[PDB]
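Student: Contents are TSV, C-alpha atoms and all ligand atoms; file name data-v5.tsv:
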chain	number	residue	atom	x	y	z
E	1	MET	CA	-10.12	86.52	223.42
E	2	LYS	CA	-13.92	86.33	223.55
E	3	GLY	CA	-15.73	86.50	226.88
E	4	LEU	CA	-16.68	89.27	229.30
E	5	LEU	CA	-15.53	87.05	232.19
E	6	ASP	CA	-12.84	88.41	234.51
E	7	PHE	CA	-9.85	86.51	235.87
E	8	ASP	CA	-7.54	87.39	238.76
E	9	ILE	CA	-4.18	86.20	240.10
E	10	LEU	CA	-4.61	85.50	243.80
E	11	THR	CA	-2.30	84.35	246.58
E	12	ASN	CA	-2.54	83.30	250.21
E	13	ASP	CA	-0.19	86.09	251.24
E	14	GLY	CA	-2.80	87.16	253.77
E	15	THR	CA	-3.76	90.46	252.15
E	16	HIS	CA	-7.56	90.64	252.39
E	17	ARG	CA	-9.57	90.62	249.16
E	18	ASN	CA	-7.36	87.84	247.80
E	19	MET	CA	-8.33	85.64	250.73
E	20	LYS	CA	-12.09	86.13	250.41
E	21	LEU	CA	-11.96	85.10	246.76
E	22	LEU	CA	-9.33	82.40	247.34
E	23	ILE	CA	-11.71	81.01	249.94
E	24	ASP	CA	-14.50	80.68	247.38
E	25	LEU	CA	-12.32	78.38	245.27
E	26	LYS	CA	-11.56	76.12	248.23
E	27	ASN	CA	-15.21	75.55	249.15
E	28	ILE	CA	-16.30	75.40	245.50
E	29	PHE	CA	-14.11	72.36	244.83
E	30	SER	CA	-14.61	70.45	248.08
E	31	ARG	CA	-18.31	71.37	247.76
E	32	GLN	CA	-19.38	69.92	244.41
E	33	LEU	CA	-16.65	67.33	244.90
E	34	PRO	CA	-18.10	64.45	247.01
E	35	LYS	CA	-17.31	66.01	250.37
E	36	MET	CA	-13.67	65.71	249.31
E	37	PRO	CA	-11.15	66.44	252.12
E	38	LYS	CA	-11.41	70.19	252.66
E	39	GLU	CA	-7.94	70.33	254.21
E	40	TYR	CA	-6.65	68.90	250.93
E	41	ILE	CA	-7.77	71.72	248.63
E	42	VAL	CA	-6.93	74.00	251.54
E	43	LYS	CA	-3.43	72.57	251.76
E	44	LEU	CA	-2.74	72.90	248.03
E	45	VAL	CA	-4.74	76.14	247.82
E	46	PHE	CA	-3.00	77.62	250.86
E	47	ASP	CA	0.31	75.75	250.58
E	48	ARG	CA	2.34	78.86	251.41
E	49	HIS	CA	2.16	81.82	249.01
E	50	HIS	CA	1.50	79.83	245.81
E	51	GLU	CA	-0.08	81.34	242.70
E	52	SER	CA	-3.63	80.91	241.41
E	53	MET	CA	-6.05	82.28	238.82
E	54	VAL	CA	-9.74	82.71	239.65
E	55	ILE	CA	-12.89	83.68	237.83
E	56	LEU	CA	-15.23	86.59	238.38
E	57	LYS	CA	-18.88	86.58	237.36
E	58	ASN	CA	-19.28	90.30	238.00
E	59	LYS	CA	-15.70	91.66	238.16
E	60	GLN	CA	-15.33	90.44	241.75
E	61	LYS	CA	-17.96	87.72	241.98
E	62	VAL	CA	-15.88	84.54	242.26
E	63	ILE	CA	-17.37	81.50	240.53
E	64	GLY	CA	-14.53	79.31	239.33
E	65	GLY	CA	-10.76	79.23	239.28
E	66	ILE	CA	-7.72	77.03	239.64
E	67	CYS	CA	-4.80	77.15	242.05
E	68	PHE	CA	-1.42	75.41	241.96
E	69	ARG	CA	2.37	75.58	242.24
E	70	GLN	CA	5.07	73.46	240.62
E	71	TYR	CA	8.33	72.24	242.12
E	72	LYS	CA	11.63	73.18	240.44
E	73	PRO	CA	14.24	70.87	242.05
E	74	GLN	CA	11.42	68.35	242.09
E	75	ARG	CA	10.32	68.88	238.47
E	76	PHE	CA	6.86	68.03	239.76
E	77	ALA	CA	3.78	70.11	240.49
E	78	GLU	CA	0.60	69.96	242.56
E	79	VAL	CA	-2.73	71.60	241.73
E	80	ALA	CA	-5.01	73.10	244.37
E	81	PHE	CA	-7.79	72.23	241.89
E	82	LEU	CA	-10.03	73.94	239.37
E	83	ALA	CA	-13.82	74.21	239.46
E	84	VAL	CA	-16.80	76.53	239.20
E	85	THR	CA	-19.28	76.77	242.11
E	86	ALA	CA	-22.37	74.50	242.20
E	87	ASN	CA	-25.37	75.71	240.20
E	88	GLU	CA	-23.05	78.28	238.70
E	89	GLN	CA	-21.21	75.95	236.33
E	90	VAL	CA	-22.65	74.53	233.09
E	91	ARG	CA	-22.03	78.01	231.68
E	92	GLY	CA	-18.57	77.63	230.15
E	93	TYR	CA	-15.93	79.12	232.44
E	94	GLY	CA	-13.93	76.43	234.25
E	95	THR	CA	-12.34	75.08	231.06
E	96	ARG	CA	-10.95	78.59	230.59
E	97	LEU	CA	-8.89	78.06	233.74
E	98	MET	CA	-7.76	74.45	233.15
E	99	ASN	CA	-6.19	75.69	229.92
E	100	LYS	CA	-4.69	78.76	231.58
E	101	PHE	CA	-3.21	76.24	234.01
E	102	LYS	CA	-1.38	74.42	231.21
E	103	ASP	CA	0.08	77.58	229.68
E	104	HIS	CA	1.58	78.30	233.09
E	105	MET	CA	2.64	74.69	233.67
E	106	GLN	CA	4.98	75.22	230.72
E	107	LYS	CA	6.15	78.68	231.80
E	108	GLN	CA	7.47	77.10	234.99
E	109	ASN	CA	9.29	74.26	233.25
E	110	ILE	CA	7.44	71.69	235.36
E	111	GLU	CA	5.65	68.85	233.59
E	112	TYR	CA	5.20	66.26	236.34
E	113	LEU	CA	1.93	67.46	237.88
E	114	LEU	CA	0.09	65.63	240.67
E	115	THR	CA	-3.19	65.48	242.62
E	116	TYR	CA	-5.65	63.15	244.36
E	117	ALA	CA	-8.44	63.41	241.79
E	118	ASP	CA	-11.55	61.24	242.07
E	119	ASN	CA	-13.81	59.78	239.36
E	120	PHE	CA	-15.35	63.27	239.25
E	121	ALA	CA	-12.27	65.38	238.54
E	122	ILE	CA	-10.68	62.31	237.02
E	123	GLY	CA	-12.71	62.23	233.82
E	124	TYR	CA	-12.97	66.00	233.98
E	125	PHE	CA	-9.19	66.30	234.02
E	126	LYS	CA	-8.54	63.65	231.37
E	127	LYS	CA	-11.02	65.67	229.31
E	128	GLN	CA	-9.15	68.99	229.55
E	129	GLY	CA	-5.86	67.29	228.66
E	130	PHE	CA	-4.72	65.98	232.03
E	131	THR	CA	-3.97	62.28	232.52
E	132	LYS	CA	-5.35	60.40	235.51
E	133	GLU	CA	-3.63	57.24	234.28
E	134	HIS	CA	0.14	56.74	234.24
E	135	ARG	CA	2.64	54.30	232.72
E	136	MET	CA	2.51	52.54	236.09
E	137	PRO	CA	-0.49	50.55	237.44
E	138	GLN	CA	-3.23	52.39	239.34
E	139	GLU	CA	-2.29	50.24	242.34
E	140	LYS	CA	0.62	52.66	242.78
E	141	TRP	CA	-1.82	55.53	243.35
E	142	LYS	CA	-0.84	55.55	247.02
E	143	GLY	CA	2.39	57.48	247.46
E	144	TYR	CA	1.82	60.62	245.39
E	145	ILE	CA	2.41	62.53	248.65
E	146	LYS	CA	0.20	64.97	250.53
E	147	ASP	CA	-3.33	64.10	251.58
E	148	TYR	CA	-4.27	60.58	252.64
E	149	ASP	CA	-7.34	58.89	251.15
E	150	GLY	CA	-9.83	61.01	249.23
E	151	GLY	CA	-9.36	60.63	245.50
E	152	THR	CA	-6.82	59.17	243.09
E	153	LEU	CA	-3.21	60.04	242.34
E	154	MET	CA	-3.57	61.98	239.09
E	155	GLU	CA	-0.76	63.54	237.06
E	156	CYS	CA	-0.40	66.03	234.21
E	157	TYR	CA	2.53	65.36	231.88
E	158	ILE	CA	3.36	68.81	230.50
E	159	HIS	CA	5.37	67.61	227.50
E	160	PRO	CA	7.42	70.18	225.52
E	161	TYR	CA	6.20	71.78	222.30
E	162	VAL	CA	2.69	70.54	223.06
E	163	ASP	CA	-0.49	72.10	221.65
E	164	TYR	CA	-1.97	73.51	224.86
E	165	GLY	CA	-2.51	77.12	223.83
E	166	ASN	CA	0.77	78.78	222.89
R	201	LIG	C1	-15.96	71.08	236.55
R	201	LIG	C2	-16.41	72.51	236.19
R	201	LIG	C3	-15.18	73.42	236.29
R	201	LIG	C4	-16.93	72.51	234.75
R	201	LIG	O1	-18.23	73.09	234.60
R	201	LIG	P1	-18.93	73.04	233.23
R	201	LIG	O2	-18.22	72.01	232.34
R	201	LIG	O3	-18.87	74.44	232.59
R	201	LIG	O4	-20.39	72.63	233.44
R	201	LIG	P2	-21.00	71.63	234.43
R	201	LIG	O5	-21.64	70.54	233.65
R	201	LIG	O6	-19.96	71.27	235.41
R	201	LIG	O7	-22.16	72.40	235.24
R	201	LIG	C5	-22.65	71.92	236.50
R	201	LIG	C6	-23.46	70.65	236.37
R	201	LIG	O8	-22.85	69.79	235.42
R	201	LIG	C7	-22.20	68.71	236.09
R	201	LIG	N1	-20.73	68.93	236.10
R	201	LIG	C8	-19.90	69.35	237.09
R	201	LIG	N2	-18.63	69.37	236.84
R	201	LIG	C9	-18.60	68.93	235.52
R	201	LIG	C10	-17.55	68.72	234.61
R	201	LIG	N3	-16.27	68.88	234.92
R	201	LIG	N4	-17.88	68.29	233.38
R	201	LIG	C11	-19.15	68.08	233.06
R	201	LIG	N5	-20.22	68.23	233.84
R	201	LIG	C12	-19.87	68.66	235.06
R	201	LIG	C13	-22.78	68.62	237.50
R	201	LIG	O9	-23.65	67.50	237.61
R	201	LIG	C14	-23.54	69.90	237.71
R	201	LIG	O10	-24.90	69.63	238.06
R	201	LIG	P3	-25.70	70.73	238.78
R	201	LIG	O11	-25.05	72.10	238.50
R	201	LIG	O12	-27.15	70.73	238.26
R	201	LIG	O13	-25.70	70.45	240.30
R	201	LIG	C15	-17.55	72.99	237.17
R	201	LIG	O14	-18.82	72.42	236.79
R	201	LIG	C16	-17.31	72.60	238.65
R	201	LIG	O15	-16.59	73.31	239.38
R	201	LIG	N6	-17.92	71.41	239.13
R	201	LIG	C17	-17.73	70.98	240.48
R	201	LIG	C18	-16.24	70.75	240.74
R	201	LIG	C19	-15.64	69.54	240.03
R	201	LIG	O16	-16.34	68.63	239.57
R	201	LIG	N7	-14.22	69.60	239.95
R	201	LIG	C20	-13.46	68.57	239.32
R	201	LIG	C21	-13.00	68.99	237.94
R	201	LIG	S1	-11.29	69.60	237.88
Could the structure of this file be written out as structure tokens, please?
Tutor:
Amino acid sequence: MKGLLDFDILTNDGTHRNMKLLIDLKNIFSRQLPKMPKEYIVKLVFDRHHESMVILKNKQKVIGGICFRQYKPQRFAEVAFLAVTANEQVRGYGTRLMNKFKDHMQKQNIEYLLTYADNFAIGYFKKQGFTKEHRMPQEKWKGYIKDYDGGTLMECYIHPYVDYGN
């Protein structure tokens, strides 16, 4: 594992240091992301407890990170979103999370991911493995649940025995 970067598992339990960093992630996304609905990332990022992995460009200097939580009886999952802060990206960190996200997506047994990704995260997701397009027409984008108007109903099919990292 090459890279001096530091990652951390945060939660919205309401501790203290976890919040400050968790906050960074929320603004980071909604920030670079065309004024995307803040409450959205906030909802998924602070959707009760939940688990997330951030980045640290100085041991505690948040820069990137992804947050999410899959549903068991639902067999579906939602991602708070991944993304490095503005003029902090283009360094090679974010991708480290997106992949870490997949490894976990399999450790939870949930493969039916979901989000309201826009052309921005769209291509960015389809690039890291995700799939913005589904067997059904895009016209069915409305109905993915949570958040109304903002991006596009994206999904991440976490098929079994897939080459994600393990
Ligand atoms: C997406 C991201 C994790 C990847 O960063 P990266 O691939 O290492 O490098 P980036 O190219 O993103 O670096 C930033 C610049 O590249 C562009 N860029 C942003 N996100 C990008 C991405 N996913 N892929 C390629 N280029 C991207 C931007 O124009 C940005 O311009 P600026 O910094 O001069 O204002 C990170 O750049 C980010 O958080 N961007 C904003 C959030 C976003 O787009 N989220 C959706 C993806 S899930």
Student: Write out as a tab-separated table a residue-level contact list of chain E versus ligand LIG 201 (chain R) with cut-off 7 Å: for each qualifying residue the closest pair of atoms and the distance in Å to one decimal, counting only C-alpha atoms and all ligand atoms, rows sorted by chain and residue number upward.
Tutor:
residue	atom	partner	partner_atom	distance
E:28	CA	R:LIG201	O15	6.5
E:29	CA	R:LIG201	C18	4.9
E:32	CA	R:LIG201	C17	4.4
E:33	CA	R:LIG201	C18	5.4
E:64	CA	R:LIG201	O15	6.3
E:81	CA	R:LIG201	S1	5.9
E:82	CA	R:LIG201	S1	4.8
E:83	CA	R:LIG201	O15	2.9
E:84	CA	R:LIG201	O15	3.2
E:85	CA	R:LIG201	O15	5.2
E:86	CA	R:LIG201	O11	5.2
E:87	CA	R:LIG201	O11	4.0
E:88	CA	R:LIG201	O11	6.5
E:89	CA	R:LIG201	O7	3.8
E:90	CA	R:LIG201	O4	3.0
E:91	CA	R:LIG201	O3	4.9
E:92	CA	R:LIG201	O3	4.0
E:93	CA	R:LIG201	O3	5.5
E:94	CA	R:LIG201	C3	3.8
E:95	CA	R:LIG201	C3	6.2
E:120	CA	R:LIG201	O16	5.5
E:121	CA	R:LIG201	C20	3.5
E:124	CA	R:LIG201	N3	4.5
E:125	CA	R:LIG201	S1	5.5
Student: What lies within 12 Å of residue 139 in chain E using all atoms listed in the file, ignoring chain neighbours under 5 positions off, as a PyMOL selection string?
Tutor: chain E and resi 133-134+144+152-153
Student: Go ahead and find all residues with at least one atom no further than 12 Å from (-4.6, 79.7, 240.1) in the file's coordinates, using all atoms listed in the file; report them as number ranges by chain.
Tutor: E: 7-12, 18, 21-22, 25-26, 44-46, 49-55, 64-70, 78-83, 94, 96-105
Student: For the atom pair CA of residue 161 in chain E and CA of residue 140 in chain E, what is the interatomic distance in Å to one decimal place?
Tutor: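 So the two atoms, CA of residue 161 in chain E and CA of residue 140 in chain E, lie 28.6 Å apart.
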Student: For the atom pair CA of residue 113 in chain E and CA of residue 138 in chain E, what is the interatomic distance in Å to one decimal place?
Tutor: 16.0 Å
Student: Could you tell me how far CA of residue 122 in chain E sits from CA of residue 110 in chain E, in Å to one decimal place?
Tutor: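 Atom-to-atom, CA of residue 110 in chain E and CA of residue 122 in chain E are spaced 20.5 Å apart.
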Student: Skip residue 36 in chain E itself and residues of its chain fewer than 2 positions away, then list as an MDAnalysis selection string all residues within 10 Å of it, counting only C-alpha atoms.
Tutor: chainID E and resid 27 29:34 38:41 116:118 149:151
Student: Using only C-alpha atoms, pick whichever of E:20, E:43, E:146, E:159 has the shortest atom-to-atom distance to residue 130 in chain E.
Tutor: E:159
Student: Choose the residue, out of E:62, E:162, E:154, E:56, that has the smallest atom-to-atom separation from residue 136 in chain E; count all atoms listed in the file.
Tutor: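 Of all the options, E:154 lies closest to residue 136 in chain E.
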Student: When you count all atoms listed in the file, which of these residues is closest to residue 17 in chain E: E:158, E:3, E:60, E:35?
Tutor: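 Nearest candidate to residue 17 in chain E out of E:158, E:3, E:60, E:35: E:60.
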Student: Using only C-alpha atoms, find the one residue out of E:71, E:157, E:164, E:76 that sits nearest to residue 131 in chain E.
Tutor: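 Between E:71, E:157, E:164, E:76, the residue approaching residue 131 in chain E most closely is E:157.
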Student: Nearest to residue 24 in chain E: which of E:75, E:127, E:107, E:61 is it, counting all atoms listed in the file?
Tutor: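 Counting all atoms listed in the file, the residue closest to residue 24 in chain E is E:61.
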Student: Would you save range 41-134 of chain E from the block above with C-alpha atoms, as a compact mmCIF listing (two decimals), in the first residue's frame?
Tutor:
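Output file out04.txt follows:
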# COMPACT_ATOMS: atom_id res chain seq x y z
CA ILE E 41 -25.23 14.93 0.95
CA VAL E 42 -26.14 15.95 4.48
CA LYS E 43 -29.00 13.46 4.55
CA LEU E 44 -26.91 10.57 3.24
CA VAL E 45 -23.81 11.78 5.13
CA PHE E 46 -25.76 12.24 8.36
CA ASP E 47 -28.46 9.62 7.78
CA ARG E 48 -28.26 8.36 11.37
CA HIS E 49 -24.98 6.80 12.55
CA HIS E 50 -23.83 5.44 9.17
CA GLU E 51 -20.20 4.62 8.38
CA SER E 52 -17.74 6.60 6.25
CA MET E 53 -14.06 6.76 5.33
CA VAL E 54 -12.33 10.12 4.89
CA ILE E 55 -8.95 11.36 3.77
CA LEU E 56 -6.33 13.34 5.65
CA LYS E 57 -3.74 15.53 3.97
CA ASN E 58 -1.76 16.00 7.18
CA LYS E 59 -3.01 13.24 9.52
CA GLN E 60 -6.10 15.28 10.38
CA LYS E 61 -6.40 17.64 7.43
CA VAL E 62 -9.53 16.41 5.65
CA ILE E 63 -9.43 16.67 1.86
CA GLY E 64 -11.51 13.86 0.42
CA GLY E 65 -13.55 10.90 1.55
CA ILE E 66 -16.69 8.91 0.93
CA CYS E 67 -19.67 8.14 3.13
CA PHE E 68 -22.46 5.57 2.76
CA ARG E 69 -24.58 2.80 4.27
CA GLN E 70 -26.28 -0.17 2.63
CA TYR E 71 -29.67 -1.69 3.42
CA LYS E 72 -29.87 -5.37 4.44
CA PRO E 73 -33.61 -6.23 4.19
CA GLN E 74 -33.57 -3.86 1.25
CA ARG E 75 -30.46 -5.31 -0.43
CA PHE E 76 -29.87 -1.76 -1.62
CA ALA E 77 -27.44 0.96 -0.57
CA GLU E 78 -27.07 4.73 -0.72
CA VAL E 79 -23.81 6.70 -0.86
CA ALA E 80 -23.32 10.02 0.90
CA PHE E 81 -20.81 10.69 -1.91
CA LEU E 82 -17.07 10.74 -2.47
CA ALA E 83 -14.92 13.72 -3.43
CA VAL E 84 -11.81 15.72 -2.63
CA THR E 85 -12.11 19.46 -1.84
CA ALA E 86 -11.81 22.06 -4.64
CA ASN E 87 -8.26 23.05 -5.59
CA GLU E 88 -7.11 20.15 -3.48
CA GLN E 89 -8.01 17.38 -5.92
CA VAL E 90 -6.07 16.56 -9.12
CA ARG E 91 -3.54 14.97 -6.77
CA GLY E 92 -4.69 11.35 -6.70
CA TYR E 93 -6.65 10.63 -3.53
CA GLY E 94 -10.40 10.40 -4.18
CA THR E 95 -10.09 7.25 -6.31
CA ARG E 96 -8.52 5.65 -3.24
CA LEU E 97 -11.87 6.05 -1.48
CA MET E 98 -14.20 5.04 -4.33
CA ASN E 99 -12.37 1.72 -4.38
CA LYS E 100 -12.42 1.40 -0.59
CA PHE E 101 -16.16 1.93 -0.99
CA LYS E 102 -16.49 -1.13 -3.23
CA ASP E 103 -14.51 -3.42 -0.94
CA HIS E 104 -16.99 -2.50 1.79
CA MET E 105 -20.01 -2.73 -0.52
CA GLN E 106 -19.17 -6.43 -0.76
CA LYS E 107 -18.45 -6.88 2.95
CA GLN E 108 -22.03 -5.81 3.64
CA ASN E 109 -23.60 -8.12 1.08
CA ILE E 110 -25.37 -5.20 -0.58
CA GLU E 111 -24.97 -4.73 -4.33
CA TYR E 112 -27.91 -2.50 -5.24
CA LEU E 113 -26.38 0.93 -4.59
CA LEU E 114 -28.15 4.22 -5.32
CA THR E 115 -27.65 8.01 -5.56
CA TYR E 116 -28.73 11.15 -7.40
CA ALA E 117 -25.50 11.69 -9.34
CA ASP E 118 -25.25 14.43 -11.97
CA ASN E 119 -23.22 14.58 -15.20
CA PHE E 120 -20.30 15.48 -12.92
CA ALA E 121 -20.31 12.50 -10.55
CA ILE E 122 -22.02 10.52 -13.27
CA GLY E 123 -19.02 10.09 -15.54
CA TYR E 124 -16.79 10.16 -12.48
CA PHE E 125 -18.69 7.22 -11.00
CA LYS E 126 -18.96 5.23 -14.23
CA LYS E 127 -15.19 5.73 -14.38
CA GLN E 128 -14.43 4.21 -10.96
CA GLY E 129 -16.64 1.21 -11.72
CA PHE E 130 -20.07 2.52 -10.77
CA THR E 131 -22.91 2.49 -13.30
CA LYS E 132 -25.09 5.55 -13.83
CA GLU E 133 -27.10 3.65 -16.44
CA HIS E 134 -29.40 0.73 -15.65
